[PDB]
Amino acid sequence: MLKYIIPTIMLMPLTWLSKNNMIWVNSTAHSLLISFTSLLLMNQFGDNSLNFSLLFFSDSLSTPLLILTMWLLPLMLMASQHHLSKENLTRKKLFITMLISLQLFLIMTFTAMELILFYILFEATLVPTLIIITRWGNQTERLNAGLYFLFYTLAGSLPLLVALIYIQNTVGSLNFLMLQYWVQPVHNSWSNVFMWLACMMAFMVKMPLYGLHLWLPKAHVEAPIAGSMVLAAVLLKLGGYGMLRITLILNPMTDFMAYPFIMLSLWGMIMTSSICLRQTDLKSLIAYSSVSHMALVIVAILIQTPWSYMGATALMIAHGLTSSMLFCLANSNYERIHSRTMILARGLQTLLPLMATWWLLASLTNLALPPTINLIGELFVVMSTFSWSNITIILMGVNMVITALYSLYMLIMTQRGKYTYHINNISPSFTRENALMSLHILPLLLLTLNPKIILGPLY
Amino acid sequence: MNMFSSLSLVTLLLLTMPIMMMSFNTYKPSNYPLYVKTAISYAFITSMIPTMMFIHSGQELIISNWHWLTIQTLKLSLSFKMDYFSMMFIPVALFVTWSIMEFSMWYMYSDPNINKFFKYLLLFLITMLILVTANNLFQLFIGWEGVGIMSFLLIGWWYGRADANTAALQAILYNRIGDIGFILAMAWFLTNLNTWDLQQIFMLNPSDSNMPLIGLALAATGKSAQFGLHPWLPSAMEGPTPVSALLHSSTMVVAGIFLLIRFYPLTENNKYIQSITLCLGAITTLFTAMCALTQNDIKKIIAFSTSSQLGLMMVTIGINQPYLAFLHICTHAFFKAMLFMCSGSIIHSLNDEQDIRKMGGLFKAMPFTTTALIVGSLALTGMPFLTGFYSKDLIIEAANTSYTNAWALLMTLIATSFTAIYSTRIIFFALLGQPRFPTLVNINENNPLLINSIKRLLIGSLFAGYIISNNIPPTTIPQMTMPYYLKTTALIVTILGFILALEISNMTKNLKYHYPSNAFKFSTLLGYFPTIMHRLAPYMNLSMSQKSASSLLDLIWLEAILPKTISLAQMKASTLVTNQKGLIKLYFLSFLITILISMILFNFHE
Amino acid sequence: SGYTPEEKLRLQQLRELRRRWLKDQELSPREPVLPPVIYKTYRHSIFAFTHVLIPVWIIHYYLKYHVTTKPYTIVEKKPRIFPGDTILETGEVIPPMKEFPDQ
Amino acid sequence: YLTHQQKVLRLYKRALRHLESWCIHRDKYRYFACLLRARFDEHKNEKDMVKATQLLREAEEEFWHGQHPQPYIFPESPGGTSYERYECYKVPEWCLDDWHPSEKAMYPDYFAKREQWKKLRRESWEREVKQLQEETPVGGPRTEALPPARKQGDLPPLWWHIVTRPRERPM
Amino acid sequence: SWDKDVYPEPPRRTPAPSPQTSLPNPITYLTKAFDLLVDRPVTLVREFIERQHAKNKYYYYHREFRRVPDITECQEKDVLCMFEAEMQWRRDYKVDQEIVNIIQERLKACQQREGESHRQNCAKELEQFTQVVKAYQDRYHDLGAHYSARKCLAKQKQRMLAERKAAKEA
Amino acid sequence: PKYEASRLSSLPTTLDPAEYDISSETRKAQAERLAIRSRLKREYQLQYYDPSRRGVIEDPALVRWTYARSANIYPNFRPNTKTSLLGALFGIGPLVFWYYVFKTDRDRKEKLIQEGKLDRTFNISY
Ligand SMILES: CCCCCCCCCCCCO[C@@H]1O[C@H](CO)[C@@H](O[C@H]2O[C@H](CO)[C@@H](O)[C@H](O)[C@H]2O)[C@H](O)[C@H]1O
Ligand SMILES: CCCCCCCCCCCCO[C@@H]1O[C@H](CO)[C@@H](O[C@H]2O[C@H](CO)[C@@H](O)[C@H](O)[C@H]2O)[C@H](O)[C@H]1O
Ligand SMILES: CCCCCCCCCCCCO[C@@H]1O[C@H](CO)[C@@H](O[C@H]2O[C@H](CO)[C@@H](O)[C@H](O)[C@H]2O)[C@H](O)[C@H]1O
């Protein structure tokens, strides 16, 4: 992975040694080049994973997440450079440095072979993320959002640290390849119940599981755009990726320990989907949409079937691009009217025709129109949960109806109807904004032509 | 085979070319609508060649050209079923769409986004053809949801209008409720048969098919606006008239019926599913025909006519006559599309007036639209040897002589009488009597685009049923022996409907003033179903969202039980620890208590 | 219950301005100042060539040399055979049916 | 906010429109329109206003019982089939300020005249504000009514968004 | 182009044209036009492309995997042997998925080919599909997303123990 | 036949008996309502018509509404017999309900599979 770690590190001297007026041009260009080289991780085999060294390996799960991570960095620089224009040069470079350091931690997190190494990098991503929200967030409540984000994570991740160290004492290793062969079944006992909870709760809080999700709508409403993009696109998936790995060593206890969390997710997705119908803040609505989509991923991971694991992987990639798009679309309205209230600016299709097309395409992927990878992932999960229990189709089906209602409600309210009379500063869409939208949707829709590369190891 | 398969695919590829040309490659925006209309007309020609080959020898084939994805033992390929149902539907859909698109070149002439309008009509047609030629359920689902989304964009065409946005979302809501059934069938077929391909489903031929078929019945209910998920179809009149013509004839609404026809190898062995569809269709055909009796908006009368005719198709499925249900789809496409086109001609001439109470006296003012409207009404009511007679009358005889629910049979016959009444209502109020429209007369139906497009559908509305019925190969044993009163029931009840309709219509001219009954109010307000359901259900769901899900749970109790209470405990604990008086005496006193407790209580000195 | 004299005066003044504004929406003659049966068959001839002949060449080439070179990609229903038919592949003659009872 | 006279005249217009919806035919509607007008005429000169209010209340109850459940609506009236149909084509005039110079160059005459209107608006605004100040009582306006211009060369206060509103058929 | 034994096909029996009408068959003339206007030009282009290919003949090979000891012959926790046994099991698992796909493809082609006589004429294909699906289900069903040769062996032994128990009591 | 109002069908204004019995005290209140509306209308129009303004006319009523519908709830929340019973009834209750629905369904299915009475003849995808 050094071929990706080192050029990612080199982005920092590049940004600090650039001409004052070329920091965005240089950092954007070269992080796109890094993104290009990340397609070499597609050398995946039918049986064995791509095992680079003692520290890092890649397989069909981490590879799509790695490519999404490295693609998002140039998109985040594009999205941020406008609202940061007044910021002084040194603080602009510090912002870019936090984004670069976040990518470095993420690519190491997704390829770490040893689980304790994964833990440290999994935890390291908090620091830059918290700095981005609290330092460059706009409103007073970013400080509270920083605290809720920090302490929800640590409340769960500290027990995970104890469990992981305990496993290494008992098994002798935390290398994931070793655990694949030395895994022993988890017997029933109260000690093992709490070992299971310690191994899972940290990832649940990040997903987030319904009931532990209240930190996420806060974080989004306060974060700058780049913070929201990385939060929705990648940082939520640290939980899913972690769960997909650690469930290896929790069998067969997961058979019954998953029940409370399947109930929370199955009922949670309908609650959060219903909540979206009444949200008044556009960022908050998109945030609640994420909780509903990720509730599907939790269920898929917990029932552990080949179809559910393939659907979970596709959903994680598909949601990453869609939710990042939706935040970017909402932000482009914010940069004009400086309010997140959904009902403030209406009938924008009359004033911004092409931006309304991006709004339509994003909404259609959010409601999972076939054959988008959003639908492929959701469908594979629905198929597998039907076998788990036929009654789940009723809950899955109801959520599909509610998802369409709130996705189109968001499109109708902001883009259709009559424009607001007094809002007279809706200037035409910039080339930057249009390019940013298309750099989300185009790879998303292109993936429909070759979905296998985002279906994960079980493919 | 090489010509058959090559030409069937070229039809579909031909339709996608005007869409590809939107990438400004070699585009002539001057007349994009003509370009799109020309593509449809050429696609109709190419589709007649394989259709002719099927009629000659019964040539059928499946084209699995592109391997898309393999999920372990489930291999998904882009596969096209060029069979009986796709061979006869495609030319009919293209022929009808050809008239609708030519008509739209006149009707939508002054629309600034006419180019986008014709693109959406073309995308509508493409997703329907994907639906009709799909050989596996995932491909079919692509077309299934595609037509739904294209319905949303075309119903809400005039998006500055709140009612249009409401109607468009309502179509999505009801169709997604039906889609719950569709995914249920997909899940059942994968879990139990390990397939989404029609071949494997029919070969394995499960006997325990209740669950998958109820799911398909639910999907058809939503898509074909059967009772329970029906209100959205009359609400779809918000869209431009060409949308209604295409929506109600060659595309969206017949998809639900087509889905059940495609699965007849399963339904024909399931009497329980037959009873359900029979009774669902019967209440639909009766209830919506009753609603049409008192509607005043011309587009709504014809919309309720479609719901009634769709219910009849669902009855034909119920009595295990899938090929008769398919024939009605094909015949209905001609005269129903014409009826909307004729109504659009009237609406345009009266400056967007759609209330029949403001029409009248048009029989001579619009002679050609009158002729088409009369022919279309006669085809709809089953006048012998017009296009509608070759399906409906066979359906009524088949139902009359079948082993079937007696109530469903009666409801269907009454609905046939009601068809005569509401067709009479349109003719009487729109064409006869004296004009009731404003004084500045702007009547003019002399545009060749209007005349020619309606003309072609008029010719189809006369001969298409005869031509189709004489060329399709028999797949059943038609019942042709029956008593005289079961053979002519359709004709008699229709005639009585016309006579009774004339009594009602002429009574409106008497200088007598009448109070409304409950039956009249029930019919006018559509059985109160939209009034009750569209207020109550949204209120209950939307109230649950804010009051309980959002505020009660996510902004209160999930906050209280953890972060809010935990912070209080630490703050209280901190004030205990730090609120000290800074006195040497008190600190050393606590040292003594600590040393004593360490020994007497805990024996740390041992 | 008519206009007050002040209401009448205001409406008259706005009416003068509104009509002047609407007149000023008329385009001048030069606006928009823009920057720099034999035919019928030919129009339909070029369309048939580019939208039917070229696509069918591509589809036929694709079907003949890529799709039909793989198993079961195109599967035909086997032709119906009736009593009295002759087979091209073998030359086999299918025997006729029995003699029908009179009816 | 409605007087007794306004309430009566609104019911008369409303009752006739529902009557016309029941009758349909013009000769039939004419006959019953005269009968209804006679009913309003018998109590035209009622003086006991308590009786007049009771007559109005009873008439409204009669209207509610006998109203058409699906009355005729003019196409572009609220609830009509063309209501709000052309709102998607209405674009505010401030959008022309964001046109690219090459777009403006296609209509040199239109935009020269547009600048004259913007100049007129700019030079009129201060006087419009002052007129409203000096004509408004201390506690702010008590009604939504606005005054005419008083001097010559003045424009009626707050005229721009009325005069320059989108056309009813803007495309 | 493909092995006819793996993807079998019955000998095709086409009837000869036997017109009973004086009208010409429009399909006959369209077939001639299609052969002249579409097929012949397409064939010429392909033959040009095939000539270029014949000038640059080169080869690729089907990878052969030697057999290695399976998970039954691996000592507990001996990762080096387990790894080779596990990878082999995963390759066989992928092969068994495609064998089921081949049989399903045979079944689906028979159903379409035999038309309205498919319920009778496709019995052999249906029987073969039933058996391979049963064999595949025994091997791999219920193993979960974190499947392995170890879990597959444990399932087999559970099935073997049940089969022995029933046989004893008989 | 009197009009019966419901939550989703209001009483028509012409059938409201309070609509006609209008006192000088009720006309005084209507005048004060129109004064507030007119005062706000003027404040809005002075900004709406200002030729030099470009942006959004911030509406405190809209800001108050979005603030009330979120941030203002928990400060004014009191744990008492109502919110606790509604909190329990619709917070824990559905999870327990669905747990028993799915748990019962899965126990029945697993018991049939072990006994070999569930038909899984062609079930090889999961
Ligand atoms: C033996 C241990 C020590 C190892 C030291 C190795 C590196 C030594 C570098 C010495 C030269 C540093 O150069 C010094 O810093 C930067 C980058 O050049 C320059 O100033 C910079 O300003 C801005 C960025 O802030 C940019 O326009 C540009 O990067 C540069 O002009 C100073 O004008 C220069 O004086
Ligand atoms: C279950 C696993 C995760 C559990 C995580 C729980 C740990 C605590 C997380 C939040 C920590 C924030 O720490 C502190 O919390 C309180 C509210 O809770 C905040 O205070 C906020 O809510 C309180 C209570 O309504 C208000 O009085 C205050 O005006 C407001 O700012 C403090 O400003 C913050 O400093
Ligand atoms: C699962 C285990 C997780 C353990 C995590 C431990 C997190 C500890 C966080 C710090 C706790 C103290 O944090 C402190 O709490 C109090 C009470 O909420 C807050 O106090 C605030 O809320 C209270 C509650 O209405 C108000 O009365 C007060 O006026 C306001 O300032 C402080 O603003 C905050 O600084």
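About the criteria used
Residues numbered from 1 in each chain as written, not as in the entry; some residues may be left out. Chains lettered and ligands numbered in written order. Part of a larger assembly, values for the part shown. Heavy atoms only, no water. Residues with missing side-chain atoms left out of burial classes, pairs and counts. Near = heavy atom within 4 Å. Areas by Shrake-Rupley, 256 points an atom, 1.4 Å probe, with all protein chains shown as cover. Nonpolar A, V, L, I, M, F, W, Y, C, P; charged D, E, K, R; others polar. Contact = heavy atoms within 4.5 Å. Helix = DSSP H or I, 4+ residues; strand = E, 2+ residues; numbered from the N terminus. Polar contact = N/O pair within 3.5 Å; in protein donor to acceptor, adjacent residues only side chain to side chain. UniProt positions renumbered as here; feature names shortened; annotations may be inferred. Buried < 20%, exposed > 50% of the residue type's maximum accessible area, 1.4 Å probe, protein only. Pairing = 2+ DSSP bridges. Axes fitted to C-alpha atoms, helices over the stretch in contact; angles between N-to-C directions. Parallel < 35°, antiparallel > 145°, perpendicular 65-115°, else oblique. Left-handed = near helix turned anticlockwise from the far one by under 90°. Disulfide = S-S within 2.5 Å.

J.: I'd like to hear about the site of ligand 1, residue by residue, with values.
T.: Residue and element names in this part refer to chain A. Around ligand 1, a shell composed of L17, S18, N20 and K93 is seen. Burial of ligand 1 by the protein chains amounts to 15% of its free accessible area of 780 Å². For the shell around ligand 1, the residue count by class is one nonpolar, two polar and one charged.

J.: Any details on the interface of chain B and chain F? Residues and values, ideally.
T.: In this assembly, 22 residues from chain B lie in contact with 19 residues from chain F. Within the residue set of the side of chain B that touches chain F, elements represented by two or more residues are α6 (162-193) and α23 (529-578) of chain B. By residue number, the principal contributor to the side of chain B that touches chain F is α23(B), which donates 15 residues. Counted by class, the side of chain B that touches chain F contains twelve nonpolar, seven polar and three charged residues.

J.: I'd love a proper account of the arrangement of the chains, names of residues and values included.
T.: Of all twelve pairs of chains that touch, the greatest number of contacts is found between chains A and B. Contact between chain A and chain C is absent, and the least distance between their C-alpha atoms amounts to 18 Å. In this view chain D stays clear of chain E, with the nearest C-alpha atoms of the two still 47 Å from each other.

J.: Which residues make up the site of ligand 3, and what values go with them?
T.: All residues adjacent to ligand 3 are A:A155, B:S567, B:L568, B:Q570 and B:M571. Taken together, the residues near ligand 3 originate from chains A and B. Between an oxygen atom of ligand 3 and a main-chain N or O atom of B:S567, the distance comes to 3.3 Å. Within the complex, the protein chains bury 35% of what would otherwise be the 790 Å² of accessible surface of ligand 3. Tallying contributions element by element places α23(B) first for the shell around ligand 3, with four residues. Residue composition of the shell around ligand 3, grouped by class: three nonpolar, two polar and no charged.

J.: Which residues make up the UniProt feature "transmembrane region" in chain F, and what values go with them?
T.: As annotated by UniProt and renumbered to match this structure, "transmembrane region" occupies residues 83-102 of chain F. Annotated as residues 83-102 of chain F, this span is 85% helix and 0% strand, and its ends, taken at the C-alpha atoms, are 28 Å apart.

J.: Describe the pairing of strand β1 (residues 61-71) of chain B, listing the residues and the values that go with them.
T.: β1(B) sits mainly inside the fold: eight of its eleven residues count as buried. Joining the antiparallel neighbours β1(B) and strand β2 (residues 74-82) of chain B is a turn of two residues, in which B:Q72 adopts a positive phi near 60°. Here β1(B) runs beside strand β1 (residues 74-76) of chain C; their pairing, made up of three bridges, is antiparallel. Pairing of B:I63 across the sheet is with C:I74, part of β1(C).

J.: So, the sheet that holds β2(B): which residues are in play, and what are the values?
T.: Read across the sheet, three strands follow the order β2(B)-β1(B)-β1(C) without closing on themselves; strand pairing throughout is antiparallel. Taken across any chain shown, the strands that pair with only one partner, and hence form the sheet edges, are β2 of chain B together with β1 of chain C. In this sheet, neighbouring strand axes are inclined to one another by 30° on average, regardless of whether the strands run parallel or antiparallel. The sheet contact formed by β1(B) and β2(B) spans nine bridges and is antiparallel. Of the residues in β2(B), the one forming a bridge with B:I71 is B:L74.

J.: So what's going on with the packing of helix α15 (residues 322-349) of chain B against helix α19 (residues 448-469) of chain B? Residues and values would help.
T.: All names here are of chain B. At a minimum axis distance of 9 Å, the contact between α15 and α19 shows a crossing angle of 155°. Considering their axes alone, α15 and α19 lie roughly antiparallel with respect to each other. Between α15 and α19 lies a crossing of left-handed hand. Contacts from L327, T331, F334, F335, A337, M338, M341 and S345 in α15 reach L450, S453, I454, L457, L458, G460, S461, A464, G465 and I468 in α19. Partitioned by chemical class, the residues of the contact of α15 with α19 number twelve nonpolar, six polar and no charged.

J.: Run through the state of the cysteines, naming residues and quoting values.
T.: If you walk through the whole model with that rule in mind, you get one disulfide over all chains. Each sulfur in the disulfide pair E:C110 and E:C122 lies 2.0 Å from the other. Taking the torsion about the sulfur-sulfur bond, which here is approximately -105°, the covalent link between E:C110 and E:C122 counts as left-handed. With E:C110 in helix α2 (residues 79-113) and E:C122 in the loop between α3 (118-121) and α4 (123-140), this residue pair connects regions lying twelve residues apart in the sequence. Taken as a pair, E:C110 and E:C122 share a single burial class, namely buried. Of all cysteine sulfurs, the one in D:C23 lies closest to D:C34, which takes part in no disulfide; the gap is 11 Å. Owing to a relative accessible area of 46%, D:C34 belongs among the partly exposed residues under this scheme. With no disulfide of its own, E:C152 lies 14 Å from the sulfur of E:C74, the closest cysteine sulfur.

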